[PDB]
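Each residue of the sequence shown is one higher than the one before, counting from 2 in PDB author numbering.
Ideal Cβ placement from N, Cα and C applies to all residues, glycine included.
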Amino acid sequence: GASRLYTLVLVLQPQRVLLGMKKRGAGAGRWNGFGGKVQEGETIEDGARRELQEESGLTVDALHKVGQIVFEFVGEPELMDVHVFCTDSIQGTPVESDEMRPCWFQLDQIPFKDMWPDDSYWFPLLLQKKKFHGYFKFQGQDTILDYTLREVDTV
Ligand SMILES: Nc1nc2ncccc2[nH]1
């Protein structure tokens, strides 16, 4: 249907959240959660666990579905269908790699100015343990043309 599955994992603990600064490629220069494309024959949740490991070095125990966000970029045919998960139970220490620099942020110091602009809209919901369905239409990397965002009981 001209949509591609992605995952996004937020390691969200009671007073802090882990974010990674991407060194190059999609989302370079921004703090973001950990995720990527889902593979053939892989469940979305299994893909989320794999991407968390690949990008942050962390092994997640329990993962919970928190949202689904569809991203449209004008002029690009494929919609990004992003399945968002959160966890507080992880193992390992975050690893800085060529591709990603990890840092913990206190919740009142989340660096929204250095994040994708849609984050400002749906992070308030994530932090209050709400679940959501969102859609954001972007022109380029920086401008939200329009959006919808609603809370839901089931993702
Ligand atoms: N956290 C996050 N926000 C995003 N917005 C647009 C594309 C990818 C994104 N990842």
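Legend entry - C-beta contact flag for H65 and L6 at 8 Å: Taking 8 Å as the Cβ cut-off, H65 and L6 do not qualify as a contacting pair.
Inset, instruction - Check whether the Cβ of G141 lies closer than 7 Å to any heavy atom of ligand 1, and answer yes or no. - result: Remark: the shortest separation between the CB of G141 and any heavy atom of ligand 1 does not fall under 7 Å.
Legend entry - the segment 25-33 / the segment 41-55 touching (three or more Cβ pairs under 8 Å): Verdict: no, contact absent.
Legend entry - Residue list, Cβ distance to ligand 1 heavy atoms smaller than 5 Å: Per the Cβ criterion, the list is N33, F72, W117, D119.
Inset, instruction - Note down, in chain order, each residue of its chain lying with its Cβ closer than 7 Å to the Cβ of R151, except the 5 sequence neighbours on either side. - result: Cβ within range, chain order: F133, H134.
Inset, instruction - May I ask you to report which of helix, strand or coil DSSP gives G48? - result: Helix at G48.
Legend entry - C-beta contact flag for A49 and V10 at 8 Å: Yes, the Cβ-Cβ distance between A49 and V10 is below 8 Å.
Legend entry - Per DSSP, cross-strand counterpart(s) of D120: According to DSSP, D120 bridges with nothing at all.
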